[PDB]
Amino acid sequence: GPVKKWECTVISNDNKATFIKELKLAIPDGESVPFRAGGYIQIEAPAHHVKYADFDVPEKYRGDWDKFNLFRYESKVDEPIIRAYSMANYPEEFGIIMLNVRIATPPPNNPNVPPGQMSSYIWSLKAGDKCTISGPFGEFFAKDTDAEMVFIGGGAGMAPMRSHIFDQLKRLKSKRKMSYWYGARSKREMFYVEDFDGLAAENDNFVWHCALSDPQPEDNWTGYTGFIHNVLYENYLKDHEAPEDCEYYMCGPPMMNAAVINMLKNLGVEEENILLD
């Protein structure tokens, strides 16, 4: 029994983006999971049946759900299952586990396949529910150097990026040069804006930027647009005197990971300085 297990209580499970919920868990007796930033826990689910029509999805985020009739879906799970989720809190955010969980719907080109089992279960959870977690685990840990760090995130990849960045600035009091580049579709898909604005205001070695690939009329957006690998290249790495000497930490959807890795490699960054997972 080397691995520990906690039956947690759901504090909240609010949408932060159209397809991402922030699951916040309270550890029993106020204790903390002894994890490292970049690490993960596992959630286990009992057998269950959930309906997407019962999810709490705010009107602000419902547009695509209505557009693609995503509330049609139901998920029946006959036997227990288990999956990993990355911590979004850093280790001195005690007493809690914060996760960012993307709902894995059936793909639009394959609309009658079963919905994602664990994420549909997690999206059914409401304040007061119980959630069993085990861990902690991980190998996506920061290197112990003084090298500049470039963090690149998309989607639910926000979670380990937040954990890493907060761990550096708050627990380690790092003075390393640090930037964070987050790509999202439109302004409603952004979140943790207060957290990262807060850190950038208080730490002259940290800056961050969001790029919107499809800003909406209501966003009145005048920030960066496009895909985050082009925005990072055009606005920072193209003129960087030694990009190969930075450490790049990233977590995003597969298409973002591939485009970023290709852009970094074409700049001469070696695989040893490109960290994922």
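All residue numbers refer to positions in the sequence shown, first residue = 1.
Student: On mean C-alpha B-factor from the PDB entry, just flag whether 104 to 112 or 76 to 84 is the higher one.
Tutor: Mean B over CA atoms: larger for 104 to 112.
Student: With respect to the recorded C-alpha B factors, which stretch has the higher mean value, 119 to 127 or 137 to 145?
Tutor: Going by the record's values, the stretch with the higher mean is 137 to 145.
Student: Within this chain's modelled residues, let me know which third the CA B factor of residue 171 belongs to: lowest, middle or highest.
Tutor: For residue 171, whose C-alpha B-factor we compare with every modelled residue in the chain, the answer is the middle third.
Student: If you rank the chain by CA B-factor, which third does residue 150 end up in: lowest, middle or highest?
Tutor: It falls in the bottom third of the chain.
Student: Lowest, middle or highest third: where is residue 211 by C-alpha B factor in its chain?
Tutor: Highest third, going by the recorded CA B-factors of the chain.
Student: For residue 233, return the chain-relative third of its C-alpha B-factor as stated in the PDB record: lowest, middle or highest.
Tutor: It falls in the top third of the chain.
Student: Classify residue 70 as lowest, middle or highest third according to the C-alpha B-factor given in the PDB entry, relative to its own chain.
Tutor: It falls in the bottom third of the chain.
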